[PDB]
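Chemist: Input: one structure, supplied below.
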Amino acid sequence: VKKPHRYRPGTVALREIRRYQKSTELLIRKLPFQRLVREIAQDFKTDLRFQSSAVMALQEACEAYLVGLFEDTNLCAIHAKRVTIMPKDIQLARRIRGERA
Amino acid sequence: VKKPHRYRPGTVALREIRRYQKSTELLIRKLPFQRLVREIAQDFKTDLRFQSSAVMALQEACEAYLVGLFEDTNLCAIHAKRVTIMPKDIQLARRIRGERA
Amino acid sequence: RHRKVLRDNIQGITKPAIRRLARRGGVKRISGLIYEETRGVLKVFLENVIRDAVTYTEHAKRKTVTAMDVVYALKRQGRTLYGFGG
Amino acid sequence: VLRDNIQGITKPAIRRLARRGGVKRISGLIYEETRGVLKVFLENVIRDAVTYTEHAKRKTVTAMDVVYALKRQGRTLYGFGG
Amino acid sequence: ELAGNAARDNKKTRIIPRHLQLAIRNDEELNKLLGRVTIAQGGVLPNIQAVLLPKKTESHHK
Amino acid sequence: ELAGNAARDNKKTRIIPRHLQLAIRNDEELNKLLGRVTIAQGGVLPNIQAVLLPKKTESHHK
Amino acid sequence: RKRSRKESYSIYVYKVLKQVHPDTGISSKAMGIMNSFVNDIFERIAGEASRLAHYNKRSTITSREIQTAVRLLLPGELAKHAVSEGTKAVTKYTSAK
Amino acid sequence: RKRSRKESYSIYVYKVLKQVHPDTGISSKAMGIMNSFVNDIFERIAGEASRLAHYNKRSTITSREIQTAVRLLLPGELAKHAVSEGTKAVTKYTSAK
DNA sequence: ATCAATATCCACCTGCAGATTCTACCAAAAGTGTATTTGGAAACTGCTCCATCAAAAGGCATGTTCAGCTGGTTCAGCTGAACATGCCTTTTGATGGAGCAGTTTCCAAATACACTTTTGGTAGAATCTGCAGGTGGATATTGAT
DNA sequence: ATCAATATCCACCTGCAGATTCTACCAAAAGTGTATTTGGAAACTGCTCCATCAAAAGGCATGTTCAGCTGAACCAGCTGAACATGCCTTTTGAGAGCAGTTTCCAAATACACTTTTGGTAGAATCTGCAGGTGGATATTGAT
C-alpha cells in the first residue's frame with residue numbers, strides 16, 4: 001500500500017458506539033475505583049473495610065448516573081445547533097434537573 | 001408634542017416584570033379556570049362538586065409550575081443565543097425534567 | 001349565534017394572562033406559537049392531578065372534592081403545597 | 001505517582017462512557033469538570049452509607065447501606081440484594 | 001428570624017407570606033430542604049438575567 | 001414474557017438481565033413506572049440521535 | 001453447625017417462568033433483579049395504602065385500599081387488568097373457603 | 001351545639017416569634033403555612049427513622065435513630081446546630097427530672 | 001462504479017462454571033378455638049354549593065405602526081478524532097492469617113399498659129392598630145430633540 | 001448632551017377588616033405502680049477481608065497528523081412589541097345538598113395452642129454457553 005488505511009472522523013467513534021451499546025460490561029477499572037472510595041471513606045471515618053459487592057454497587061450507580069447526564073447533555077448541545085459538548089451544557093442540564101449541588 | 005408619547009420596544013415588558021414580581025396576586029381570572037376544572041372532572045366522574053378553596057389551591061399550583069417552567073425555558077433559550085422562547089425549548093425542558101410528554 | 005366563548009373552554013385562558021405568567025418567569029419576548037402549546041401542557045398537568053384527587057374522593061364515598069385530597073395528590077407528584085391544610 | 005487518586009479515572013474511560021451516551025464529539029475541557037461532578041455524587045452517597053454503617057456500630061461496609069443511600073437520592077438500584 | 005429581617009426591609013411590622021418566600025429562597029440550605037415546595041402567595045425573586053436587560057452603553061451619543 | 005420474546009429474538013435460551021432492560025424500556029407504561037431505576041449489568045437501549053449521523057450523500061457524485 | 005436462613009421469592013418466579021415458557025431458563029443475577037423488583041413494589045403499595053387509611057381515620061386495610069392504591073400508582077390499562085385479576089382471585093377465594 | 005376541636009401548633013410558633021422579635025406580629029395564613037411545614041418535617045423524620053429501625057432488626061426507635069435521620073436529611077452546619085440543641089436538651093432532661 | 005482493506009456475522013463444536021436435580025431436615029402456614037376490635041348502616045346539625053339576573057367596572061379582539069430579533073449565509077481560524085508506538089499499571093492467580101460478621105447466653109436497663117389526678121390548649125365574646133385605601137406632591141426615569 | 005412628559009417614590013390622614021386579647025371548660029399531659037418486655041455486657045467461631053508475589057497482557061501516556069467543527073461579521077426579512085378604542089366579557093349583590101359528627105352493632109379479625117407441612121441448606125449431578133476455529137459476507141474509503 002502507498003499509504004496507511006485511515007478511517008475518516010466519526011466512523012470509528014460510531015463503531016465504538018454500537019459495540020458498547022451492544023455489551024454490558026463495566027467500563028471503569030476496578031482497582032482505581034477501589035482506592036478512590038477507600039480514600040474518601042478514610043476522610044470520613046478511619047480504618048474502614050468494604051465488601052466487594054458494595055463497591056460494585058457504587059460502580060453501577062455511578063456509570064448509570066453519568067450516562068443519563070451525558071444523554072441529556074447531548075440533547076442540550078444539539079439544541080444549540082452544535083455537535084460538540086461543552087461545560088455549560090452540563091451545567092445547564094444539572095441546573096434544570098435540580099441536582100444543583 | 002405633535003407625536004403621542006411612545007416607549008421603545010422592550011420597556012413596558014420590563015415594567016410588567018417589576019410590577020408582577022413585586023406583587024403576589026394571581027394573574028389568571030377565576031371563572032374560565034373554574035369552568036375548565038369542572039369540564040375536565042366531568043369526563044372522569046359525573047355530578048361532582050368542588051369547594052372553592054380546592055380550585056384556588058389548584059390555581060396556585062398550576063401557576064407555580066408554569067412559572068418554574070418558564071424560568072427553565074428562558075435558560076434553555078439563552079443557551080441558543082436567543083431572547084425569544086419557542087416550543088422546542090419547552091419540549092427540551094420537559095424532556096430533561098423526566099416528565100412524559 | 002356561535003359565540004361559545006372562544007371555545008366555551010380553555011381558550012378563555014387568554015393570551016395576556018399567559019403573557020403575565022411569562023413575565024413572572026423573567027421572559028421578555030414571546031412567540032405567537034407558545035400559547036397553544038402552553039394550553040396543552042396545562043391540560044395534561046391538571047388531568048393527572050384531578051384524577052388522583054377524584055380517586056381519593058371515590059374512596060371516601062363523597063361527591064364533594066375537598067382541599068386535602070388535592071394537597072395529597074400534589075404531594076405524590078413531587079409538588080408539595082403549603083397553605084391549604086396539611 | 002498518585003495525583004490525589006481521582007486521576008485513576010482516566011480520560012478514555014470517560015470517553016467510553018460518553019460514547020455509551022450516544023455522543024460523537026467531546027471537548028478537552030469536559031474531563032476535569034466531570035471528575036469534580038463525579039466526586040460530589042460519590043461523596044454524598046458514601047456519607048449516607050457510612051451513616052447507616054455507623055448506626056449498626058459496625059466497621060465493615062455492606063452493600064445494603066449503599067442501596068439505601070442510593071434509594072434516598074431517587075436513584076433506586078436493583079440487583080444487589082433487597 | 002429571616003422573615004423578620006425581610007419584613008423590616010419593607011417597613012411592615014407584620015409578617016406576610018411574601019416575606020417567608022423571600023426568606024426561604026435567599027438562604028441556600030433551606031432552599032435545598034424545600035426545593036420542591038410551593039409557598040402559596042409567595043411569588044418569586046426579582047432575578048432577571050443580565051443579558052435581556054438593555055445595553056449599559058446607552059450614554060452620550062451624537 | 002416480554003423478556004423471553006427478546007431472548008428468542010437473539011437466539012438465546014437462557015434469560016439474562018440485558019433482556020429485562022430491553023423489555024422494560026421498550027414499553028411506554030413500564031418505562032413510566034421504572035423511569036428512575038437502574039438495572040445492574042443492564043446497559044442501555046440502542047439509540048443515536050438522527051442529526052449526528054453522517055449524510056446519506058456518500059456515493060458516486062462525479 | 002450453626003447456620004442461617006435466607007428467604008427469597010426464587011421458587012415462585014421459577015414456577016411462573018415455567019408456566020409461561022416451559023422450555024427456558026434464567027440466570028441467578030436476573031432472579032436477583034426480580035427479587036429486588038418485587039420487594040420494591042411491595043414497599044411502595046403498602047406505603048400508599050397506609051397513607052390512605054390514615055387520612056380517613058380507618059384502622060383497617062382491606063382489598064379496597066389496595067385497589068385504590070393500585071389505581072393511583074399504576075397507569076391505565078395495566079391497572080385495569082391487574083384489578084380484574086385481583087378481583088377474580090378474591091371472588092374465587094371467598095367462594096371456595 | 002356539637003362543638004368540634006381542631007388541633008394545631010399555632011400558639012407555640014407565636015410564642016417563639018414574640019421571643020425572637022418582640023415587636024412583630026404574624027397573620028393567620030402564614031401561621032397555617034408554618035403549621036403545614038412542621039407537619040411535613042415530622043412525617044419525613046418519622047418515616048426515615050422507621051426504615052432505619054427495620055433494617056437493623058431493632059424494635060425500639062431511640063434518640064440515636066433520630067440523630068441519624070437528621071444527619072441524613074439535612075446539610076452541614078444546620079445538622080450540627082440541630083444536633084447540638086438536641087444533645088443539650090436530652091442532657092438537661094436526663095438530669096433534672 | 002469499481003475494487004482493495006478492516007470489521008462483522010455465522011456454521012462446527014467442546015469442556016466446564018453455572019444451572020438444575022435431589023435428600024433430609026425443621027422454621028413457617030393452616031386448623032381449631034377463642035378473645036378482642038371494627039366499618040359501615042341509621043339519626044341529626046350547621047356550613048356552604050348550585051350557578052340567574054341588573055347594574056357597573058375594567059380587561060381583550062382588533063386593528064394599526066415600526067424597530068430590533070431570527071435565522072440564513074460566508075468564512076478565518078482552530079481543535080479534537082484517528083492513529084502508531086512504547087512501556088508499564090493493571091489481571092489472573094495463589095496464599096496467610098487477623099479480625100469483623102455474625103451468632104448465642106442472659107439478665108440489667110428501658111418501656112408499654114392500666115389507673116388516677118392536674119392543667120393548659122382551644123372555642124367563643126370583647127377590644128386594638130397596621131395597613132388598605134385615599135390624597136397629594138417631589139424626584140427618577142425615557143425619550144424627542 | 002438639555003428640557004418636557006410622565007411613572008414611581010414617598011410624606012401625611014382615617015377607619016375597619018382582620019389581629020390581638022380575656023374566659024369558662026374538657027381532651028390531654030403527667031405521676032404511680034406494676035408487668036412486660038427488650039438491647040447491651042460477656043464469650044466464641046469461622047467466613048470473608050487486608051497486605052504480598054509472580055508471570056503476562058492489554059490498556060494508558062505521549063506524540064503526529066489532518067478533516068471537519070465553532071465562533072465572528074453581516075444582513076433580508078419577518079415578526080412580534082407599543083397604542084387608540086370600543087366593545088364586550090368579567091365582577092358584585094339579592095334554599096337543599098352534603099360534609100361533618102354520633103349510636104351501636106353484625107361482621108371482621110387479632111391471638112394461644114397444636115398439627116402438619118412446603119421451603120430451605122446443602123450434596124450430587126446436567127448441559128448451554130464462554131471460548132475457539134474458520135469461512136463467508138458488509139460496510140468503508142480511495143480512486
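Ordering of the C-alpha cells sets the chain letters (A, B, ...); residue numbers start at 1 within each chain; ligands are numbered from 1 in the order shown.
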With 12 Å as the limit and counting only C-alpha atoms, what residues in chain H lie close to chain E? Please list them as a VMD selection string.
Modeler: chain H and resid 14 16 to 34 36 to 37 40 to 41 44 70 72 to 79
Chemist: Taking the backbone alone, and naming residues the way the document does, which bits of range 20-67 of chain D are strand (DSSP E) by DSSP, as a short mmCIF file (atom, residue, chain, number, x, y, z; two decimals) with N, CA and C atoms, in the first residue's frame?
Modeler:
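Listing of part.cif after writing:
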```cif
data_model
loop_
_atom_site.label_atom_id
_atom_site.label_comp_id
_atom_site.auth_asym_id
_atom_site.auth_seq_id
_atom_site.Cartn_x
_atom_site.Cartn_y
_atom_site.Cartn_z
N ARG D 25 -18.69 13.73 19.74
CA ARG D 25 -17.57 14.67 19.80
C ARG D 25 -17.49 15.32 21.17
N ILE D 26 -16.29 15.31 21.74
CA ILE D 26 -16.08 15.74 23.12
C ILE D 26 -14.95 16.75 23.17
N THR D 60 -17.42 -2.74 58.97
CA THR D 60 -17.40 -3.23 57.60
C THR D 60 -18.60 -2.66 56.87
N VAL D 61 -18.35 -2.12 55.69
CA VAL D 61 -19.42 -1.51 54.90
C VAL D 61 -20.07 -2.58 54.06
#
```
Chemist: Considering only helix (DSSP H, G or I) as DSSP defines it on the backbone, what residues of range 3-78 of chain D qualify? List them as a PyMOL selection string.
Modeler: chain D and resi 6-8+11-20+30-55+63-72
Chemist: Hey, can you check how far CA of residue 32 in chain A sits from CA of residue 8 in chain D?
Modeler: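 Atom-to-atom, CA of residue 32 in chain A and CA of residue 8 in chain D are spaced 5.2 Å apart.
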Chemist: Would you mind aligning chain F to chain E, a least-squares fit over all C-alpha atoms taken in order, and returning the superposed chain as an mmCIF file with N, CA, C and O atoms, in the first residue's frame?
Modeler:
```
data_model
loop_
_atom_site.group_PDB
_atom_site.id
_atom_site.type_symbol
_atom_site.label_atom_id
_atom_site.label_comp_id
_atom_site.auth_asym_id
_atom_site.auth_seq_id
_atom_site.Cartn_x
_atom_site.Cartn_y
_atom_site.Cartn_z
ATOM 1 N N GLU F 1 -37.199 34.372 62.193
ATOM 2 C CA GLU F 1 -36.209 35.423 62.392
ATOM 3 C C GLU F 1 -35.838 36.055 61.062
ATOM 4 O O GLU F 1 -35.822 37.287 60.922
ATOM 5 N N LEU F 2 -35.558 35.222 60.064
ATOM 6 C CA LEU F 2 -35.179 35.764 58.771
ATOM 7 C C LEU F 2 -36.328 36.546 58.166
ATOM 8 O O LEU F 2 -36.133 37.619 57.573
ATOM 9 N N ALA F 3 -37.538 36.054 58.366
ATOM 10 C CA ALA F 3 -38.691 36.739 57.823
ATOM 11 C C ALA F 3 -38.868 38.093 58.474
ATOM 12 O O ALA F 3 -39.195 39.075 57.808
ATOM 13 N N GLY F 4 -38.641 38.164 59.777
ATOM 14 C CA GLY F 4 -38.797 39.423 60.465
ATOM 15 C C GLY F 4 -37.749 40.417 60.049
ATOM 16 O O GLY F 4 -38.022 41.619 59.972
ATOM 17 N N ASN F 5 -36.545 39.937 59.762
ATOM 18 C CA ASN F 5 -35.539 40.836 59.224
ATOM 19 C C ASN F 5 -36.005 41.406 57.895
ATOM 20 O O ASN F 5 -35.894 42.615 57.648
ATOM 21 N N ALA F 6 -36.597 40.565 57.052
ATOM 22 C CA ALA F 6 -37.083 41.084 55.780
ATOM 23 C C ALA F 6 -38.236 42.051 55.999
ATOM 24 O O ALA F 6 -38.374 43.044 55.271
ATOM 25 N N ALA F 7 -39.037 41.797 57.028
ATOM 26 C CA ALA F 7 -40.172 42.656 57.322
ATOM 27 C C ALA F 7 -39.703 44.048 57.679
ATOM 28 O O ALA F 7 -40.169 45.046 57.119
ATOM 29 N N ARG F 8 -38.765 44.125 58.615
ATOM 30 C CA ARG F 8 -38.184 45.411 58.969
ATOM 31 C C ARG F 8 -37.541 46.059 57.759
ATOM 32 O O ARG F 8 -37.537 47.287 57.634
ATOM 33 N N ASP F 9 -37.008 45.249 56.846
ATOM 34 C CA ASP F 9 -36.392 45.827 55.661
ATOM 35 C C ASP F 9 -37.436 46.487 54.768
ATOM 36 O O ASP F 9 -37.143 47.487 54.103
ATOM 37 N N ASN F 10 -38.663 45.960 54.754
ATOM 38 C CA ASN F 10 -39.734 46.558 53.960
ATOM 39 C C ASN F 10 -40.653 47.445 54.781
ATOM 40 O O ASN F 10 -41.709 47.845 54.287
ATOM 41 N N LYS F 11 -40.279 47.754 56.016
ATOM 42 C CA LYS F 11 -41.004 48.714 56.841
ATOM 43 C C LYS F 11 -42.429 48.267 57.118
ATOM 44 O O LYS F 11 -43.344 49.089 57.172
ATOM 45 N N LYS F 12 -42.623 46.968 57.288
ATOM 46 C CA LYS F 12 -43.912 46.404 57.645
ATOM 47 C C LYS F 12 -43.798 45.657 58.963
ATOM 48 O O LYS F 12 -42.823 44.941 59.199
ATOM 49 N N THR F 13 -44.802 45.828 59.810
ATOM 50 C CA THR F 13 -44.778 45.281 61.154
ATOM 51 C C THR F 13 -45.470 43.935 61.288
ATOM 52 O O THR F 13 -45.326 43.302 62.335
ATOM 53 N N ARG F 14 -46.228 43.494 60.293
ATOM 54 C CA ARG F 14 -46.958 42.239 60.371
ATOM 55 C C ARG F 14 -46.458 41.308 59.282
ATOM 56 O O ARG F 14 -46.262 41.731 58.141
ATOM 57 N N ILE F 15 -46.258 40.044 59.644
ATOM 58 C CA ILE F 15 -45.644 39.077 58.747
ATOM 59 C C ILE F 15 -46.678 38.541 57.770
ATOM 60 O O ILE F 15 -47.786 38.163 58.166
ATOM 61 N N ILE F 16 -46.313 38.493 56.490
ATOM 62 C CA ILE F 16 -47.127 37.850 55.461
ATOM 63 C C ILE F 16 -46.266 36.906 54.625
ATOM 64 O O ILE F 16 -45.033 37.027 54.632
ATOM 65 N N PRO F 17 -46.871 35.987 53.869
ATOM 66 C CA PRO F 17 -46.119 34.885 53.256
ATOM 67 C C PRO F 17 -44.966 35.262 52.348
ATOM 68 O O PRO F 17 -43.967 34.527 52.274
ATOM 69 N N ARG F 18 -45.117 36.351 51.599
ATOM 70 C CA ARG F 18 -44.055 36.832 50.725
ATOM 71 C C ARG F 18 -42.733 36.909 51.463
ATOM 72 O O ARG F 18 -41.678 36.546 50.928
ATOM 73 N N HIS F 19 -42.784 37.371 52.709
ATOM 74 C CA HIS F 19 -41.584 37.444 53.524
ATOM 75 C C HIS F 19 -40.975 36.060 53.714
ATOM 76 O O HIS F 19 -39.750 35.894 53.665
ATOM 77 N N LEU F 20 -41.818 35.043 53.861
ATOM 78 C CA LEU F 20 -41.309 33.702 54.076
ATOM 79 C C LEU F 20 -40.634 33.178 52.836
ATOM 80 O O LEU F 20 -39.577 32.543 52.917
ATOM 81 N N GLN F 21 -41.236 33.422 51.683
ATOM 82 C CA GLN F 21 -40.614 32.961 50.450
ATOM 83 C C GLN F 21 -39.278 33.655 50.243
ATOM 84 O O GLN F 21 -38.286 33.014 49.867
ATOM 85 N N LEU F 22 -39.220 34.953 50.534
ATOM 86 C CA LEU F 22 -37.967 35.678 50.397
ATOM 87 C C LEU F 22 -36.920 35.116 51.334
ATOM 88 O O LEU F 22 -35.735 35.039 50.993
ATOM 89 N N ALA F 23 -37.345 34.713 52.525
ATOM 90 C CA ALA F 23 -36.398 34.210 53.505
ATOM 91 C C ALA F 23 -35.863 32.853 53.091
ATOM 92 O O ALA F 23 -34.667 32.574 53.215
ATOM 93 N N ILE F 24 -36.740 31.992 52.603
ATOM 94 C CA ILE F 24 -36.316 30.653 52.243
ATOM 95 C C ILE F 24 -35.386 30.694 51.043
ATOM 96 O O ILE F 24 -34.264 30.186 51.102
ATOM 97 N N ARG F 25 -35.830 31.280 49.933
ATOM 98 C CA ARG F 25 -35.037 31.159 48.713
ATOM 99 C C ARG F 25 -33.682 31.845 48.806
ATOM 100 O O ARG F 25 -32.782 31.499 48.036
ATOM 101 N N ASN F 26 -33.508 32.796 49.715
ATOM 102 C CA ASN F 26 -32.244 33.507 49.814
ATOM 103 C C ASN F 26 -31.215 32.779 50.662
ATOM 104 O O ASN F 26 -30.081 33.252 50.759
ATOM 105 N N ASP F 27 -31.573 31.656 51.270
ATOM 106 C CA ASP F 27 -30.635 30.816 52.003
ATOM 107 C C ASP F 27 -30.434 29.521 51.239
ATOM 108 O O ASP F 27 -31.404 28.831 50.913
ATOM 109 N N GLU F 28 -29.175 29.180 50.997
ATOM 110 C CA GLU F 28 -28.853 28.044 50.146
ATOM 111 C C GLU F 28 -29.385 26.752 50.739
ATOM 112 O O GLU F 28 -29.980 25.921 50.037
ATOM 113 N N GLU F 29 -29.227 26.591 52.046
ATOM 114 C CA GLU F 29 -29.531 25.313 52.664
ATOM 115 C C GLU F 29 -31.029 25.070 52.690
ATOM 116 O O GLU F 29 -31.510 23.991 52.308
ATOM 117 N N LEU F 30 -31.783 26.073 53.112
ATOM 118 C CA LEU F 30 -33.223 25.947 53.094
ATOM 119 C C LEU F 30 -33.747 25.786 51.680
ATOM 120 O O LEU F 30 -34.767 25.124 51.469
ATOM 121 N N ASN F 31 -33.057 26.357 50.697
ATOM 122 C CA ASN F 31 -33.460 26.154 49.316
ATOM 123 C C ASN F 31 -33.315 24.701 48.929
ATOM 124 O O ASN F 31 -34.163 24.151 48.221
ATOM 125 N N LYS F 32 -32.250 24.056 49.396
ATOM 126 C CA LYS F 32 -32.082 22.642 49.099
ATOM 127 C C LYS F 32 -33.160 21.818 49.769
ATOM 128 O O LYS F 32 -33.694 20.875 49.178
ATOM 129 N N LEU F 33 -33.490 22.150 51.012
ATOM 130 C CA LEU F 33 -34.531 21.394 51.698
ATOM 131 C C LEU F 33 -35.886 21.579 51.040
ATOM 132 O O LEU F 33 -36.672 20.630 50.952
ATOM 133 N N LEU F 34 -36.196 22.801 50.621
ATOM 134 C CA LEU F 34 -37.513 23.169 50.116
ATOM 135 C C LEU F 34 -37.455 23.570 48.649
ATOM 136 O O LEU F 34 -38.099 24.527 48.216
ATOM 137 N N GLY F 35 -36.686 22.822 47.864
ATOM 138 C CA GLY F 35 -36.560 23.134 46.458
ATOM 139 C C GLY F 35 -37.807 22.813 45.667
ATOM 140 O O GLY F 35 -38.062 23.441 44.636
ATOM 141 N N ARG F 36 -38.601 21.849 46.137
ATOM 142 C CA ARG F 36 -39.804 21.407 45.448
ATOM 143 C C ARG F 36 -41.053 21.700 46.263
ATOM 144 O O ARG F 36 -41.940 20.854 46.371
ATOM 145 N N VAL F 37 -41.128 22.885 46.852
ATOM 146 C CA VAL F 37 -42.293 23.316 47.607
ATOM 147 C C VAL F 37 -42.791 24.633 47.049
ATOM 148 O O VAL F 37 -42.002 25.498 46.661
ATOM 149 N N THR F 38 -44.105 24.775 47.033
ATOM 150 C CA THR F 38 -44.785 25.966 46.562
ATOM 151 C C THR F 38 -45.472 26.623 47.739
ATOM 152 O O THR F 38 -46.303 26.001 48.405
ATOM 153 N N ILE F 39 -45.126 27.872 47.986
ATOM 154 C CA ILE F 39 -45.758 28.656 49.025
ATOM 155 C C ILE F 39 -46.877 29.434 48.371
ATOM 156 O O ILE F 39 -46.648 30.232 47.463
ATOM 157 N N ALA F 40 -48.080 29.219 48.849
ATOM 158 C CA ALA F 40 -49.212 29.930 48.305
ATOM 159 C C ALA F 40 -49.086 31.416 48.575
ATOM 160 O O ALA F 40 -48.641 31.834 49.643
ATOM 161 N N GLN F 41 -49.480 32.211 47.588
ATOM 162 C CA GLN F 41 -49.374 33.662 47.638
ATOM 163 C C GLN F 41 -47.944 34.120 47.882
ATOM 164 O O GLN F 41 -47.713 35.187 48.451
ATOM 165 N N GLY F 42 -46.976 33.339 47.424
ATOM 166 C CA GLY F 42 -45.588 33.599 47.735
ATOM 167 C C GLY F 42 -44.863 34.373 46.671
ATOM 168 O O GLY F 42 -43.957 35.154 46.966
ATOM 169 N N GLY F 43 -45.249 34.168 45.435
ATOM 170 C CA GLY F 43 -44.495 34.788 44.386
ATOM 171 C C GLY F 43 -43.115 34.175 44.271
ATOM 172 O O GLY F 43 -42.842 33.076 44.755
ATOM 173 N N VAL F 44 -42.231 34.921 43.616
ATOM 174 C CA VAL F 44 -40.892 34.462 43.299
ATOM 175 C C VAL F 44 -39.888 35.547 43.627
ATOM 176 O O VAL F 44 -40.239 36.683 43.939
ATOM 177 N N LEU F 45 -38.621 35.183 43.512
ATOM 178 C CA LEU F 45 -37.560 36.129 43.762
ATOM 179 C C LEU F 45 -37.394 37.068 42.577
ATOM 180 O O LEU F 45 -37.587 36.655 41.431
ATOM 181 N N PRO F 46 -36.998 38.314 42.805
ATOM 182 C CA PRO F 46 -36.599 39.158 41.678
ATOM 183 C C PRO F 46 -35.335 38.621 41.040
ATOM 184 O O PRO F 46 -34.314 38.432 41.702
ATOM 185 N N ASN F 47 -35.410 38.367 39.743
ATOM 186 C CA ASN F 47 -34.253 37.871 39.035
ATOM 187 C C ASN F 47 -34.446 38.062 37.553
ATOM 188 O O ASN F 47 -35.447 37.630 36.979
ATOM 189 N N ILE F 48 -33.485 38.726 36.942
ATOM 190 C CA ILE F 48 -33.448 38.951 35.514
ATOM 191 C C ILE F 48 -32.111 38.430 35.033
ATOM 192 O O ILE F 48 -31.066 38.788 35.584
ATOM 193 N N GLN F 49 -32.143 37.581 34.024
ATOM 194 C CA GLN F 49 -30.907 37.080 33.463
ATOM 195 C C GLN F 49 -30.156 38.223 32.808
ATOM 196 O O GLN F 49 -30.725 38.984 32.024
ATOM 197 N N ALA F 50 -28.873 38.335 33.140
ATOM 198 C CA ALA F 50 -28.086 39.509 32.789
ATOM 199 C C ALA F 50 -28.112 39.796 31.298
ATOM 200 O O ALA F 50 -28.171 40.956 30.880
ATOM 201 N N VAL F 51 -28.091 38.750 30.476
ATOM 202 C CA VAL F 51 -27.910 38.942 29.045
ATOM 203 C C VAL F 51 -29.127 39.533 28.356
ATOM 204 O O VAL F 51 -28.988 40.101 27.270
ATOM 205 N N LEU F 52 -30.307 39.438 28.946
ATOM 206 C CA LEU F 52 -31.492 39.958 28.282
ATOM 207 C C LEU F 52 -31.705 41.444 28.516
ATOM 208 O O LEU F 52 -32.549 42.043 27.845
ATOM 209 N N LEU F 53 -30.981 42.041 29.428
ATOM 210 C CA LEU F 53 -31.123 43.448 29.746
ATOM 211 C C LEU F 53 -30.520 44.305 28.636
ATOM 212 O O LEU F 53 -29.576 43.881 27.968
ATOM 213 N N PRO F 54 -31.032 45.516 28.416
ATOM 214 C CA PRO F 54 -30.441 46.369 27.386
ATOM 215 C C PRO F 54 -29.026 46.785 27.735
ATOM 216 O O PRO F 54 -28.608 46.770 28.894
ATOM 217 N N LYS F 55 -28.293 47.174 26.700
ATOM 218 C CA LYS F 55 -26.919 47.604 26.869
ATOM 219 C C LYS F 55 -26.873 48.929 27.614
ATOM 220 O O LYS F 55 -27.785 49.752 27.522
ATOM 221 N N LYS F 56 -25.785 49.135 28.347
ATOM 222 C CA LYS F 56 -25.562 50.384 29.062
ATOM 223 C C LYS F 56 -25.059 51.504 28.157
ATOM 224 O O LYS F 56 -24.716 52.577 28.663
ATOM 225 N N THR F 57 -25.009 51.284 26.842
ATOM 226 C CA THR F 57 -24.624 52.321 25.888
ATOM 227 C C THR F 57 -25.853 53.148 25.503
ATOM 228 O O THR F 57 -26.317 53.149 24.364
ATOM 229 N N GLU F 58 -26.391 53.845 26.505
ATOM 230 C CA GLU F 58 -27.581 54.685 26.364
ATOM 231 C C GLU F 58 -27.262 56.037 26.998
ATOM 232 O O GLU F 58 -27.551 56.266 28.174
ATOM 233 N N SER F 59 -26.655 56.924 26.220
ATOM 234 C CA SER F 59 -26.265 58.256 26.682
ATOM 235 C C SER F 59 -25.835 59.059 25.456
ATOM 236 O O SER F 59 -26.007 58.611 24.315
ATOM 237 N N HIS F 60 -25.294 60.256 25.687
ATOM 238 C CA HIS F 60 -24.744 61.061 24.602
ATOM 239 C C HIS F 60 -23.622 60.302 23.907
ATOM 240 O O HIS F 60 -22.637 59.916 24.543
ATOM 241 N N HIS F 61 -23.781 60.081 22.604
ATOM 242 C CA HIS F 61 -22.796 59.378 21.788
ATOM 243 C C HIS F 61 -22.630 60.086 20.452
ATOM 244 O O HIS F 61 -22.555 59.449 19.395
ATOM 245 N N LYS F 62 -22.563 61.414 20.492
ATOM 246 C CA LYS F 62 -22.522 62.244 19.291
ATOM 247 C C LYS F 62 -21.379 63.250 19.377
ATOM 248 O O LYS F 62 -21.004 63.684 20.465
#
```
Chemist: Counting only C-alpha atoms, which residue out of G:50, G:89, G:56, G:96 sits closest to chain H?
Modeler: G:50
Chemist: Please identify all residues of chain H having at least one atom at most 12 Å from any atom of chain I, considering only C-alpha atoms (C1' of nucleotides), and return them as JSON, numbers by chain.
Modeler: {"H": [1, 2, 3, 4, 5, 6, 7, 8, 9, 10, 11, 12, 24, 25, 26, 27, 59, 60, 61, 62]}
Chemist: Could I get the residues of chain D with an atom no further than 7 Å from an atom of chain F, each paired with its nearest atom pair and that distance in Å to one decimal, using only C-alpha atoms, sorted by chain and residue number, as a tab-separated table?
Modeler:
```
residue	atom	partner	partner_atom	distance
D:22	CA	F:48	CA	5.7
D:74	CA	F:36	CA	6.9
D:75	CA	F:36	CA	5.8
D:76	CA	F:37	CA	5.3
D:77	CA	F:38	CA	5.2
D:78	CA	F:39	CA	5.6
D:79	CA	F:40	CA	5.7
```
Chemist: Just to confirm, what's the straight-line distance from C1' of residue 106 in chain I to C1' of residue 34 in chain J in Å (one decimal)?
Modeler: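 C1' of residue 106 in chain I sits 22.5 Å away from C1' of residue 34 in chain J.
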